[PDB]
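I have placed the structure first, in the form of structure tokens, so that the comments after it can refer back to it.
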Amino acid sequence: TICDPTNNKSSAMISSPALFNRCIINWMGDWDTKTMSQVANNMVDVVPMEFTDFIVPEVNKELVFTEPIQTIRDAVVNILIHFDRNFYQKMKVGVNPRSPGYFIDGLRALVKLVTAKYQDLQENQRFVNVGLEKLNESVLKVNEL
Amino acid sequence: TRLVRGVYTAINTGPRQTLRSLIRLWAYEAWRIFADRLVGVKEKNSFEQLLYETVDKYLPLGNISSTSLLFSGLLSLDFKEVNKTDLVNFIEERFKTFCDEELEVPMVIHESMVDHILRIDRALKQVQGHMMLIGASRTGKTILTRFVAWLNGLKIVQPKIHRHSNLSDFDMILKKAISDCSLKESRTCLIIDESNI
Amino acid sequence: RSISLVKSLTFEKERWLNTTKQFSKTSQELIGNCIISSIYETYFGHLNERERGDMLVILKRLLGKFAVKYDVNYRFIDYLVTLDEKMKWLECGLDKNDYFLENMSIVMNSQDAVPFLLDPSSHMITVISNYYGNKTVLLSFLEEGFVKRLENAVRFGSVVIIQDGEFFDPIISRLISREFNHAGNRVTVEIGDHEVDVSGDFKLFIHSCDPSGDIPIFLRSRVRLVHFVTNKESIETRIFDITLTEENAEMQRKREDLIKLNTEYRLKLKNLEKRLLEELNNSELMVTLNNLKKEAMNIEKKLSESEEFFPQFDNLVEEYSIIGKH
Amino acid sequence: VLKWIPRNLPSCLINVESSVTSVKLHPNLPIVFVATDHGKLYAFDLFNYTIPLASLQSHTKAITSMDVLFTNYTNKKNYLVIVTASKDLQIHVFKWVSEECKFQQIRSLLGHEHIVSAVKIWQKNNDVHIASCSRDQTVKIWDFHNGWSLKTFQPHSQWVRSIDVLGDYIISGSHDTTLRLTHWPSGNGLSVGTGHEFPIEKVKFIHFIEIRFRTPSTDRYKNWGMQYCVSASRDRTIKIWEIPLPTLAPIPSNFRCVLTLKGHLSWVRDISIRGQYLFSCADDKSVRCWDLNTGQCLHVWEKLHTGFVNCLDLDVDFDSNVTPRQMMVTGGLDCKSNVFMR
Amino acid sequence: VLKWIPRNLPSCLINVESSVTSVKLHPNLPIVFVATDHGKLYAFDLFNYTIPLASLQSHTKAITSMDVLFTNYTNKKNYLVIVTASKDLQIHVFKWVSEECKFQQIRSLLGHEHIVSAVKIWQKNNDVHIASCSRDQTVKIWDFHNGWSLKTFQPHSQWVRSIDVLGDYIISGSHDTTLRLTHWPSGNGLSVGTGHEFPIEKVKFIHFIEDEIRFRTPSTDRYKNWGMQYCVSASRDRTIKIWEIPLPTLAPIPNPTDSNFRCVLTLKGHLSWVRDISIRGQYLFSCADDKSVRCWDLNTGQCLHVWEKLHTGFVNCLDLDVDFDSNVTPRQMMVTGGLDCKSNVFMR
Ligand SMILES: Nc1ncnc2c1ncn2[C@@H]1O[C@H](COP(=O)(O)OP(=O)(O)O)[C@@H](O)[C@H]1O
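Chains as they are written, first to last, in PDB author numbering: chain E, 2890 to 3034; chain P, 2623 to 2682, 2686 to 2822; chain F, 3291 to 3573, 3582 to 3624; chain Y, 139 to 213, 216 to 350, 355 to 392, 397 to 400, 405 to 494; chain W, 139 to 213, 216 to 351, 354 to 392, 397 to 494.
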């Protein structure tokens, strides 16, 4: 198992003719945009996102990594993939393999956060509505007497 | 020679073949032998075009991309081309059992995972067959290797190499694994990581 | 009594109507805010303020491009930090900077990963020790008996801070990667050559006061890396505090007491405003509502009184800024 | 078989926080779904009805209607789909994850400008569609997958209060006492029907089964696929109508009231057809069983709830994918629900 | 009679709320008990199966196995006892109240330290015992009336996955691919059997019957005096093997020269792991992960009929009715439970 091909010790393993002649090399590399999209689609399919209006944007095809965008979830997946690529570009990783760890962790955090935030929003709105109804009923009763 | 041996192994453990089946099998073996070491996507596309040109020139067939060829013996009694979704469902249930039995890890199953475990399977099914997996960290290398070894009934030996360890401890681990493999016929899958050297 | 109650609750009615109007905008910006906060939490832990700003700019470009509305006035501390958390952290000894508040929020909201603390000033060890009190156990990779003490802490359920993080020992990889095995109602992890029980009251923190150290690639991709590096605002604040303490301690103590008391008063006011709505929602009332209203007015009056000193402290701050800048 | 009749007492008694507004029945499992005025959604196990299997505050105001469906894909995995409409002006589409016994919000439908009244679900070869009606006198049609609307029209001068779907034709009942049949895909009015003197409460087709009204009369009606319909209003009268055959892209014309059932002391609220008989709840705290052949009341469940009786549910008997079990559920204004089994 | 072979389609279809992990048949009445991964416990009348007769959620996790027994008291009143084991590390004993059509818990048995994976019930003259195995590598014996343990032995290095009981002998398969037969009351191992390459899923004796059947007739008068000769096993190896048990030195004693089994036949043809096996007359039925049920002929060792795609997922368990016992009449029916949250019933 080799994570960094260009290390001092790992390049010695890859170069070593004793290993290189017997082993079968499987260059797994890093994830492509299709694998990223599949994983993100699977994780964000259990969180309440499509609870609001959404106007489908008009963007170039090469900027889209999922299927053609039809809902908010596709937009979210594309945004996450794009930001991961941009972050790895700015941090000047170069050709070094890019772990998908940040991507996966961000996805899990987003799920865990959206759940609670949506629940809190609707519960607070329900409380406000009940309070308003109580006040209106009390006003009606006062006007009765 | 590797390509010849792979073709023989696939034929000897396969159903009644047809010309199209033979050609697709040969293409799959060529993929596994040659193109698994390729790094860039451009090189992989060039290799796919090379396969198409070779087949047209010498052996005048569906789409023979890497993900369009799925040969496995995990779903039947013989090595044959399998359907994608059946393999996905089978792997999902098997991985649920694996998590419930050995180590619980929340793994999401995608297509490249299926391909990688298929090729790890064909490599661990061979005789004197070893792997060198190269990829970024947290891409499921060790987890998939353990899963496939569990599928094939191997015994996994991850060396417990830590800080303040020397040649004696590694030698003891190696000698123990070798002695088990010989005197007890315990088919073993030894996972050596770069952090252990 | 009914008319007086309605007149007292008119303010609550105004707030509730405002909230009802703002509901649609809040629901529209919810997903964008959540995306921004999650990315802030999982990426920005190891970047300075300038890099955080640039990445926020990039992320907001992306959000705008794909038609995902967000809060134009977004601010990480406002969205993900509550007043109770701020008070507890400050009482524990955390610096008053906003950067440290963001980093502490990042550290304390990581239930999955293990927070790695790059803290050259060794302040966070004391801060966390104050936060967890007696449970805190201090270890380091450079000592003997480390493995046995770690096993005892895991079995018992202490909070563990391991120092010298640049000398990582791979014997704790199972704890780092959370590769447990569930045995009925028991959870076992394999440290060394024998399994131990995981209490569930056990947390792990890795501390290292050495920037430009070395983190093995196995550890770096599995921990939440957070930086605690001094910046301009912290230096200015510390310099001003020392200057005021050595110039006139009376103003220093008075300012600190007023600040703490104001924070407590705002917290209590928020609690009262929540409790009134809960009392209405859980329906005697004509009595409890008036008691809560009177308490709210008393606290508001005290808060209004407490604001008569801040101009003096602003003048003092303006009188001492040159020292901080230089 | 189809002649089962409920006993004189309910087998189960379920208590909730608020007035029950809609009750549905899981097509395959012994599970009942309950919606209240507090916007909370309940799932109750029919054998342990002291604690909900799951609960959820779905809306911020009262829920007005709901509907369920077990998807049938000929390619994917099938699951139960729950759709609810409330006074929030929003429609929420949930999914019942029986593996974990919990809910799963998929998406929400937006666009109605005022309180929504009724919803419906149905499946084509592989397409799932939804329907809705609101006080803004609009009837909207939605795509379950994409989530955006596919059709919109105004079939009533006043506001629609109830709809039902059958193939490509939708019949709507408004606060104005007239019913109306329209052709769904093209949005063309086909005919109307008058005779009630109070706002309609329910309206639904009568489906052809292998009975007096469930059998086609002519061959042209056989080709069309439907002949009759039923409705109930605050007139305290239930009427069986007849749909004049259109100029078959249909082209338009009056519903012939060929029957009338009376006896309820207050507004008739909900109706449901199970084989021969016909069940109807009303505000008089009663449930009536009407013989479709004779047109006479057979059995009465008096004083079932202290308050009004809001809704009834019975398993569909004319669908090859819905086995008609022997159970029904009644939801009442008094925070209680009654379940009859076997 | 006994040559009844099920038809090409089931006569019932039962829908449940989770994956079916174990199924059983009432030995007297047309009633089926079904277990699920939620720990629920159902009971369907076999002619009106659209509603359960009763339901019960006694466990907090997945039920792994269950077994039934109709008590035969010679001098008390008879009833039906149902026992279920789950991953709750517990075993629950129920009584089926027939007239009210309800379940009635009796007690729970504690003591196992990890996942319990099998249970068995059998009756002596007027005694009832329960056997159970778990991941703690211990096979325990319990008393139905008292409720406390009576024996506890560890016969395997890995964890025991399946057991069967014939008189005073218990044969056990384990996660290790080896079988083992021990004498229950004395708790002493007698003989082992190896040859499988994957963990054992099921194992049971082949009881003697009067008729001719290949493996259901003794070979020597010693076997007639000992009452059993053959056992059958199923493993994740996609194979079914018939073993012939060596004779011990009758408390028995392991004869060193005769302490190993002898696989006399191996049945192949399944595409994946074999999950359950059952024997009726001259036929052996099996279900596997390949979504199919086989029917082998015990004489020729061949597959007579195949039920392809009976379930859309894995087929977890079978159940036929015991024929070697006089008190249980072998009715013509069998039930299958699968991962697709459905159970099929074949009748007549
Ligand atoms: N498909 C996936 N879905 C979810 N997590 C994944 C996936 N692939 C890899 N991971 C992550 O990678 C880790 C497991 O992979 P592992 O084999 O331990 O890593 P490596 O071998 O690359 O060091 C976990 O953190 C896991 O979340």
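Yeah, the Cβ is synthetic: ideal placement off N, Cα and C, and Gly gets one too.
Outcome for residue i when other beta-carbon atoms lying within 10 angstroms are tallied against a minimum of 16
{"i": "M3595 of chain F", "result": "exposed"}
{"i": "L464 of chain Y", "result": "buried"}
{"i": "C3499 of chain F", "result": "buried"}
{"i": "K344 of chain W", "result": "buried"}
{"i": "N286 of chain W", "result": "exposed"}
{"i": "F284 of chain Y", "result": "buried"}
{"i": "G3435 of chain F", "result": "exposed"}
{"i": "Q3014 of chain E", "result": "buried"}
{"i": "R408 of chain W", "result": "exposed"}
{"i": "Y3360 of chain F", "result": "buried"}
{"i": "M2797 of chain P", "result": "exposed"}
{"i": "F2723 of chain P", "result": "buried"}
{"i": "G2983 of chain E", "result": "exposed"}
{"i": "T212 of chain Y", "result": "exposed"}
Expected contact under 8 angstroms - CB spacing of residue i and residue j to nearest Å
{"i": "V3358 of chain F", "j": "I3321 of chain F", "result": "6 angstroms"}
{"i": "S248 of chain Y", "j": "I261 of chain Y", "result": "Contact doesn't hold; Cβ gap of about 15 angstroms is too wide."}
{"i": "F2972 of chain E", "j": "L3352 of chain F", "result": "6 angstroms"}
{"i": "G327 of chain Y", "j": "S289 of chain Y", "result": "No, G327 of chain Y and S289 of chain Y are not in contact; Cβ-Cβ is about 12 angstroms, not under 8 angstroms."}
Min CB distance residue i to chain F below 8 angstroms
{"i": "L249 of chain W", "result": "no"}
{"i": "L194 of chain W", "result": "no"}
{"i": "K227 of chain W", "result": "yes"}
{"i": "residue 215 of chain W", "result": "No atoms of residue 215 of chain W appear, because in chain W residue 213 is followed directly by 216."}
Residue-chain proximity (residue i, chain Y), Cβ-Cβ < 8 angstroms
{"i": "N2967 of chain E", "result": "no"}
{"i": "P2957 of chain E", "result": "no"}
{"i": "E3026 of chain E", "result": "no"}
{"i": "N3018 of chain E", "result": "yes"}
Short CB-CB distance (under 8 angstroms) between residue i and chain E
{"i": "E2706 of chain P", "result": "no"}
{"i": "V3296 of chain F", "result": "yes"}
{"i": "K199 of chain Y", "result": "yes"}
{"i": "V2752 of chain P", "result": "no"}
{"i": "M3345 of chain F", "result": "yes"}
Interface flag, residue i vs chain W, CB-CB below 8 angstroms
{"i": "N473 of chain Y", "result": "no"}
{"i": "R477 of chain Y", "result": "yes"}
{"i": "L411 of chain Y", "result": "no"}
{"i": "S238 of chain Y", "result": "yes"}
{"i": "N218 of chain Y", "result": "no"}
{"i": "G3474 of chain F", "result": "yes"}
{"i": "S2701 of chain P", "result": "yes"}
Chain P within 8 angstroms of residue i, Cβ atoms only
{"i": "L2999 of chain E", "result": "no"}
_Residues, ordered as in the chain, of the segment 455-469 of chain W that lie near chain P by beta-carbon distance below 9 angstroms_ = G459 and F460
*Curious, which full-length beta strand (DSSP E) runs of at least 3 residues does the segment 2720-2806 of chain P contain?*
2755-2760 and 2780-2782
*Every unbroken beta strand (DSSP E) inside the segment 3427-3483 of chain F [3 residues or more]*: 3449-3453, 3471-3473 and 3476-3481
*Any residues in the segment 284-296 of chain Y with a beta carbon nearer than 8 angstroms to a beta carbon of chain E? Which ones, in chain order?*
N286 and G287
*Of the residues that make up the segment 2760-2793 of chain P, which ones have a beta carbon closer than 9 angstroms to any beta carbon in chain F?*
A2761, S2762, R2763, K2785, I2786, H2787, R2788 and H2789
*Return the chain-ordered ranges of every beta strand (DSSP E) run that is complete within the segment 415-439 of chain W and spans a minimum of 3 residues.*
420-426 and 429-434
*Could you please tell me which residues of the segment 320-347 of chain W, in chain order, have their CB closer than 7 angstroms to any CB of chain P?*
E337 and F338
*asked:* Which complete beta strand (DSSP E) runs does the segment 288-315 of chain W hold, if anything under 3 residues is left out?
replied: 289-293, 300-306 and 309-314
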